[PDB]
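Asker: Dropping the structure in here first, questions after.
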Number of protein chains: 2
Amino acid sequence: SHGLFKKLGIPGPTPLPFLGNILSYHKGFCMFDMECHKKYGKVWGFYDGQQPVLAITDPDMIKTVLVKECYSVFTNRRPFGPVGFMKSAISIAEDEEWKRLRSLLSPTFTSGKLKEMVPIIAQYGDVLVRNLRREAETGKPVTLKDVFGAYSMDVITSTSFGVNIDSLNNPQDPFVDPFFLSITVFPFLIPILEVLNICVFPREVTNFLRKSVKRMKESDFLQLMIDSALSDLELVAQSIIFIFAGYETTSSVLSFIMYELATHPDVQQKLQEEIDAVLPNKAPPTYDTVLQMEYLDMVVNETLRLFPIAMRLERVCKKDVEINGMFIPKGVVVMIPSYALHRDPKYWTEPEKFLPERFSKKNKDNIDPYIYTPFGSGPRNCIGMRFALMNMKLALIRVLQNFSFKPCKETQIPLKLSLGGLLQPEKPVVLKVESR
Amino acid sequence: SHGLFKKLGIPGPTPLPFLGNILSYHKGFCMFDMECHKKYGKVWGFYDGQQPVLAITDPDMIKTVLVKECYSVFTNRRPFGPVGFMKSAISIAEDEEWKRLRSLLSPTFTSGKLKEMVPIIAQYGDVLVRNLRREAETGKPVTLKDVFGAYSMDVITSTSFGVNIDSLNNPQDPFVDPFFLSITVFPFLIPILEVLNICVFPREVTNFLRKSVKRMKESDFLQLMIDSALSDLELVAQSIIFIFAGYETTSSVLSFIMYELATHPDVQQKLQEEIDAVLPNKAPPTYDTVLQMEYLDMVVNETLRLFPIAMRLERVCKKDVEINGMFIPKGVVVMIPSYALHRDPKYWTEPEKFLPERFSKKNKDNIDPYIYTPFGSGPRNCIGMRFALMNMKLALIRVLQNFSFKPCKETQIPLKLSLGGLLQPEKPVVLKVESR
Ligand code: HEM
Ligand code: HEM
């Protein structure tokens, strides 16, 4: 079906047999979407192997796909690799099976349940200072992904189950393209690996959590789920997605934020002045305190514009439909390039620069909510959106109250992204930390 | 999932790993269903490899599966082998795709369109006498599947497209378990054969018909289809099912009928007296003439009771449902053993005997329409039901008007069925033919 986009009148790169357009991923995932958006315009198509993928940039077509016709056509994402038992994961699940998981897990991410976890995750904000006060008084560059990754991992274990550890102080068992590139080009190898108990995840784990959730089902995220019903294998499958999310997401974004604050001291100083103004004399941050700091929100929102760790938003077309005046055949994965839309002169002035004033209450009104979608949109959006921003800002407040950040001789200026498809820096961010 | 029927409280034979219960098919398809119906009762389950199959015998549960909840749950049959392009076949098609094919092909099998083909198929009733008058005046046993197979094949070509041939007189190009046993046990090999252009059918054919239907689409079943729209590959796919049906079905049933008439001369004499009474002095048969002969219908209906060439009626359970007080999980193929229901003392007296008076207008009322389903039931039933009985009876009238049938020294008495799963005799039926 390599002539589908050419028989529909949709431009795009010429695909190769079997391979399709995956050879154009040598520059990276984001560079491929920006080049295709530059030479093809608002709509183009390419092939991930034999699978056709359609990209859209029009805000009305994106609104129709993600918000309007979500339950009817664009309900699921594309199926990937051997999932093993993980089929029941809310993000892997499809159709009405997901609608039950989305509903049974929606109360866990409410405006009231989030405030319950504020006194818990604020404790690790004090622990992060202790590990910082040790790596700052030692007076030498510090790798941010380790300290932030430890904070995020301890926040996960306490808010998911309630296990209080110090992932940085006890580094003995803190839990935690080849095989799969051939999987995308050869989708007919997925069922064979499923019948052989082979999973993309290291399947020998999971059974740890499958048996770790035993003393808890006899006497946070977990307590607010079993009480009602969810299965035992489902309950472990959902907790694996909650760990994979809150770890790599919170760790990578915080490292991206501290890079911009260290490379723009005018933004870090203005942010530290607002934090000290709302919280005088290193006051503890509360739920209502975080929702008040607007410049802190402007810094978080602008960094997510530059580095949306999702990169892409994918939806599977369930039936032959016609949205906003164009036909889409059944089986085509409709992709929304979030990275390419965030760095486009059509909607952003100086898209390569870091200007937090783009999200000021005066300028936040002239921003299309479907061009800037770091958490997706519609029913299939990020269920842990409000939980993520609260955990990151609570860490940002406690960190900036005691320390400042300056670049180092090893700091990569400018910063280069990873060559893979994790949206992490090429080299781990290292900065100089000084105590106030 | 070899413990599904044991965790639901459903009896059945103990399955083996990978194989399941296919090793119990050494006796045959029909003998396996009759033994399971004898020792397990009204409901049992077995495994065709890793696929669970549930068998039902209750008339209300069969009515619910085939008639009531057909469009909602029991819409499709099980998927079989690499279909290639034949996916679009009305019998292979599934869900709304079939509902369009069933509707676009329904007018071709109406009470009015059938009468148009009566003067056409009555012509080959005269040709069958000529081939009979040759093989009867030669005074020697005649193989019935060859002469009837020639009649059925010429009736197909004339009513489908309009090509008048004599498949018995011109035997030079009259058109027309290993590979697949491993396919049932290993369903994960189907997609690999699809991507290699490999089909269960000899794929090098079809393209003949794909190009044979070229002079007709520029200037019967075919004319009543294109006029409206159906695709070109669909149009050839539907004609292949129409040929496979009207050939093996008409040929095998007619051979089964003439075996019973030759082994029960009291039935053949009574049938010949009714044919000569309705049609005096070898009169030509019409559409209204066939619908009048009731004993001819009693002979055809009783033979279809003994030899229902379908054997099984299969439906795929689309969702978790509960019919008549029992739960059926999603993905289970619900099978209706038509052969076992036809030879059951619960509904039939002397089920091994051939008694045409079971379908008399006095006795036809006390017969459950869901125990006797030679053409299925509901929306997914045989679309060529009324077309089949008209073609067979029109041949039965013209044959019995000129010749009688007696057994031979090679005639297998009693008759043994084939060891495979085609419901044909083990040895081809041969009888002695005499001219009246
Ligand atoms: C900086 C942090 C995060 C970002 C930027 C982010 C972003 C996203 C995005 C873009 C999507 C796809 C939306 C779509 O396809 O329409 C998504 C889905 C999802 N996220 Fe996150 N997320 C973050 C943190 C989290 C956290 C902390 C959790 C859970 C504790 C979480 C759980 C999920 C789930 C379950 C889905 C799939 C929902 C579904 O398929 O219906 N995420 N997220
Ligand atoms: C003695 C002759 C025949 C017998 C006993 C017979 C019997 C059957 C049976 C039992 C079914 C399955 C019903 C079900 O699953 O509910 C079926 C389906 C079907 N038959 Fe026949 N049939 C005969 C002749 C024909 C002819 C002559 C044609 C076409 C010209 C035909 C076309 C079909 C089709 C297309 C289906 C599938 C319908 C669907 O899937 O919706 N059959 N038949």
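In the structure tokens, chains take the letters A, B, ... in the order shown, each chain's residues start at 1, and ligands count up from 1 in the order shown.
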Taking only C-alpha atoms and all ligand atoms into account, which residues have an atom no farther than 7 Å from ligand 1? I'd like them as number ranges by chain.
Answerer: A: 66, 90-92, 98, 102, 241-242, 245-246, 249-250, 253, 308-310, 313-314, 373-385, 387-389
Asker: Using only C-alpha atoms and a distance of at most 9 Å, pull out the residues of chain B that contact chain A, as a VMD selection string.
Answerer: chain B and resid 188 to 189 191 to 192 195
Asker: Neighbouring residues of segment 69-84 of chain B were defined as those with any atom within 7 Å, considering only C-alpha atoms; residues of the same chain fewer than 6 positions away were excluded. Please report them as a PyMOL selection string.
Answerer: chain B and resi 94-95+183+190+193-194+197-200+314-319+333
Asker: For the residues in the current selection, export C-alpha atoms as a PDB file, in the first residue's frame.
Answerer:
ATOM      1  CA  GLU B  94     -17.546  -9.827   8.367  1.00  0.00           C
ATOM      2  CA  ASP B  95     -19.840  -7.301  10.085  1.00  0.00           C
ATOM      3  CA  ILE B 183      -2.777 -23.960   9.764  1.00  0.00           C
ATOM      4  CA  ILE B 190      -1.788 -16.898   8.422  1.00  0.00           C
ATOM      5  CA  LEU B 193       1.292 -16.356   3.967  1.00  0.00           C
ATOM      6  CA  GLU B 194      -0.837 -13.273   3.255  1.00  0.00           C
ATOM      7  CA  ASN B 197       0.748 -13.566  -1.852  1.00  0.00           C
ATOM      8  CA  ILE B 198       0.067 -17.181  -0.812  1.00  0.00           C
ATOM      9  CA  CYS B 199      -3.580 -18.262  -0.720  1.00  0.00           C
ATOM     10  CA  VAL B 200      -5.273 -21.497   0.311  1.00  0.00           C
ATOM     11  CA  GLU B 314     -20.236 -21.744  13.187  1.00  0.00           C
ATOM     12  CA  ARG B 315     -20.534 -18.251  14.667  1.00  0.00           C
ATOM     13  CA  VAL B 316     -17.913 -16.066  16.366  1.00  0.00           C
ATOM     14  CA  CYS B 317     -18.853 -14.517  19.708  1.00  0.00           C
ATOM     15  CA  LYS B 318     -18.122 -10.795  19.395  1.00  0.00           C
ATOM     16  CA  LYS B 319     -18.572  -9.861  23.072  1.00  0.00           C
ATOM     17  CA  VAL B 333     -16.590 -19.954  18.219  1.00  0.00           C
TER      18      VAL B 333
END
Asker: Find the residues around segment 424-435 of chain A up to 8 Å (only C-alpha atoms counted), leave out those fewer than 6 positions away in its own chain, and share them as a ChimeraX atom specification.
Answerer: /A:133,136-137,139-145,252,255,259,262,309,402-408,410-412,415-418
Asker: Could you pull the residues within 12 Å of segment 209-213 of chain A, counting only C-alpha atoms, minus those fewer than 5 positions along the same chain, as a ChimeraX atom specification?
Answerer: /A:85,157,160-163,175-176,203-204,218-219,222-223,226,231-240,243
Asker: So that I can check the secondary structure, give me every residue of segment 20-169 of chain B assigned strand (DSSP E) by backbone DSSP, as a PyMOL selection string.
Answerer: chain B and resi 43-48+51-56+142-143
Asker: Apply DSSP to the structure's backbone, then extract all residues of segment 218-400 of chain B labelled helix (DSSP H, G or I) and return them as a ChimeraX atom specification.
Answerer: /B:223-226,232-263,265-278,287-290,294-306,338-342,356-359,364-366,385-400
Asker: Those same residues - C-alpha atoms - I'd like them written as a tab-separated table (two decimals), in the first residue's frame.
Answerer:
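again-v8.tsv written:
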chain	number	residue	atom	x	y	z
B	223	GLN	CA	-25.91	-9.14	-15.46
B	224	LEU	CA	-27.97	-8.59	-12.30
B	225	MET	CA	-24.95	-7.26	-10.36
B	226	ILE	CA	-22.86	-4.77	-12.31
B	232	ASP	CA	-13.84	-5.43	-9.99
B	233	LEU	CA	-11.87	-7.60	-7.56
B	234	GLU	CA	-14.99	-8.00	-5.41
B	235	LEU	CA	-17.02	-9.01	-8.44
B	236	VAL	CA	-14.62	-11.85	-9.22
B	237	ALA	CA	-14.41	-12.83	-5.54
B	238	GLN	CA	-18.19	-13.22	-5.28
B	239	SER	CA	-18.38	-15.31	-8.46
B	240	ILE	CA	-15.83	-17.78	-7.05
B	241	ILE	CA	-18.05	-18.55	-4.06
B	242	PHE	CA	-21.04	-18.93	-6.39
B	243	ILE	CA	-19.12	-21.53	-8.42
B	244	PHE	CA	-17.75	-23.44	-5.42
B	245	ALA	CA	-21.27	-23.60	-3.95
B	246	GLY	CA	-23.46	-24.60	-6.90
B	247	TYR	CA	-20.94	-27.27	-7.98
B	248	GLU	CA	-20.00	-29.49	-5.03
B	249	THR	CA	-23.38	-28.93	-3.35
B	250	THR	CA	-25.62	-29.80	-6.31
B	251	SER	CA	-23.40	-32.70	-7.40
B	252	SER	CA	-23.07	-34.35	-3.98
B	253	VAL	CA	-26.72	-34.04	-2.93
B	254	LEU	CA	-28.03	-35.42	-6.23
B	255	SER	CA	-25.70	-38.41	-5.86
B	256	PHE	CA	-27.02	-38.92	-2.33
B	257	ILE	CA	-30.61	-38.77	-3.61
B	258	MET	CA	-30.15	-41.32	-6.40
B	259	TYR	CA	-28.48	-43.68	-3.92
B	260	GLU	CA	-31.57	-43.67	-1.69
B	261	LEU	CA	-33.92	-44.00	-4.67
B	262	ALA	CA	-31.97	-46.99	-5.99
B	263	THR	CA	-31.84	-48.65	-2.55
B	265	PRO	CA	-37.49	-48.74	-5.12
B	266	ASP	CA	-40.78	-48.18	-3.28
B	267	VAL	CA	-39.78	-44.52	-2.94
B	268	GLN	CA	-38.48	-44.18	-6.51
B	269	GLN	CA	-41.62	-45.76	-7.98
B	270	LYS	CA	-43.89	-43.50	-5.92
B	271	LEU	CA	-41.83	-40.48	-6.96
B	272	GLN	CA	-41.94	-41.44	-10.65
B	273	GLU	CA	-45.73	-41.84	-10.42
B	274	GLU	CA	-46.11	-38.33	-8.99
B	275	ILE	CA	-43.81	-36.83	-11.63
B	276	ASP	CA	-45.80	-38.49	-14.42
B	277	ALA	CA	-49.07	-37.42	-12.77
B	278	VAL	CA	-48.16	-33.73	-12.57
B	287	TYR	CA	-41.34	-23.12	-11.93
B	288	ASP	CA	-44.89	-23.63	-10.63
B	289	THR	CA	-44.69	-27.34	-11.47
B	290	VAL	CA	-41.74	-27.90	-9.12
B	294	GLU	CA	-44.80	-32.44	-2.44
B	295	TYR	CA	-43.41	-35.99	-2.39
B	296	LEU	CA	-40.47	-34.73	-4.44
B	297	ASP	CA	-39.93	-32.19	-1.66
B	298	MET	CA	-40.27	-34.96	0.94
B	299	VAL	CA	-37.52	-36.95	-0.80
B	300	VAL	CA	-35.18	-33.96	-1.08
B	301	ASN	CA	-35.77	-32.87	2.53
B	302	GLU	CA	-35.21	-36.36	3.94
B	303	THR	CA	-31.93	-36.84	2.07
B	304	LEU	CA	-30.69	-33.47	3.34
B	305	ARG	CA	-31.49	-34.73	6.85
B	306	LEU	CA	-29.19	-37.74	6.41
B	338	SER	CA	-26.19	-30.07	12.25
B	339	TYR	CA	-25.22	-33.69	11.52
B	340	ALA	CA	-25.55	-34.77	15.17
B	341	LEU	CA	-28.91	-33.02	15.56
B	342	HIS	CA	-30.29	-34.74	12.45
B	356	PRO	CA	-39.56	-39.75	3.35
B	357	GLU	CA	-42.92	-39.68	5.18
B	358	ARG	CA	-41.24	-37.74	8.01
B	359	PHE	CA	-41.72	-34.56	5.94
B	364	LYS	CA	-43.92	-31.71	8.74
B	365	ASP	CA	-45.54	-29.75	11.58
B	366	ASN	CA	-43.92	-31.73	14.43
B	385	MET	CA	-31.29	-21.93	-0.75
B	386	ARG	CA	-34.28	-21.48	-3.07
B	387	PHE	CA	-31.90	-21.47	-6.05
B	388	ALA	CA	-30.44	-24.83	-5.00
B	389	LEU	CA	-33.69	-26.75	-4.49
B	390	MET	CA	-35.02	-25.53	-7.84
B	391	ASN	CA	-31.90	-26.65	-9.73
B	392	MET	CA	-31.85	-30.08	-8.06
B	393	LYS	CA	-35.57	-30.85	-8.41
B	394	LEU	CA	-35.60	-29.72	-12.05
B	395	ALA	CA	-32.82	-32.25	-12.66
B	396	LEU	CA	-34.62	-34.90	-10.60
B	397	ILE	CA	-37.81	-34.50	-12.64
B	398	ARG	CA	-36.13	-34.75	-16.05
B	399	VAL	CA	-33.91	-37.68	-15.04
B	400	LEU	CA	-36.64	-39.85	-13.51
Asker: Quick one: pull the distance between atom CA of residue 63 of chain B and atom 24 (C, counted along the ligand's line) of ligand 2, Å, one decimal.
Answerer: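 Computing the Euclidean distance for atom CA of residue 63 of chain B and atom 24 (C, counted along the ligand's line) of ligand 2 yields 21.2 Å.
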Asker: With a distance cut-off of 10 Å and only C-alpha atoms, select the neighbouring residues of residue 48 of chain B, excluding the residue or stretch itself and same-chain residues fewer than 5 positions from it, and output the selection as a PyMOL selection string.
Answerer: chain B and resi 15+18-23+53+184-185+333
Asker: Which residue is closest to residue 9 of chain A? Choose from A:202, A:422, A:44, A:30 and count only C-alpha atoms.
Answerer: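 Under the stated criterion, the closest residue is A:44.
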Asker: Restricting the calculation to only C-alpha atoms and all ligand atoms: of B:349, B:363, B:1, B:110, which residue gets closest to ligand 2?
Answerer: B:110
Asker: From the list B:230, B:367, B:114, B:328, which residue is nearest ligand 2 when using only C-alpha atoms and all ligand atoms?
Answerer: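 Ranked by minimum distance to ligand 2, first place goes to B:114.
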